[PDB]
Amino acid sequence: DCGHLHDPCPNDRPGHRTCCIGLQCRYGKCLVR
């Protein structure tokens, strides 16, 4: 279970992020790692 590239990540935690592969959670939002 993963989110989109520009999708939100409020439940972002170490070891279980809401971002898919090749993504990163920053600024309360997800972006391209």
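Residues numbered from 1 in each chain as written, not as in the entry; some residues may be left out. Heavy atoms only, no water.

- This entry lists solution NMR as its structure determination method.

1. Let's talk about the pairing of strand β1 (residues 23-26)
Piece 1. With burial as the criterion, only one face of β1 is covered, namely that bearing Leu23 and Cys25; the residues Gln24 and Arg26 on the opposite face remain uncovered.
Piece 2. The sheet contact formed by β1 and strand β2 (residues 29-32) spans four bridges and is antiparallel. Paired with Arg26 across the bridge in β2 is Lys29. (Buried < 20%, exposed > 50% of the residue type's maximum accessible area, 1.4 Å probe, protein only. Helix = DSSP H or I, 4+ residues; strand = E, 2+ residues; numbered from the N terminus. Pairing = 2+ DSSP bridges.)

2. Side note on the state of the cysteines
Piece 1. Applying the stated criterion across every chain yields a total of three disulfides.
Piece 2. One disulfide bridge connects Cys2 with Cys20, the sulfur atoms lying 1.9 Å from each other. With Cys2 in the segment before β1 and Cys20 in the segment before β1, the pair connects residues that are 18 residues apart, well separated along the chain.
Piece 3. Assessed through its relative accessible area of 42%, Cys2 is described here as partly exposed. (Disulfide = S-S within 2.5 Å.)

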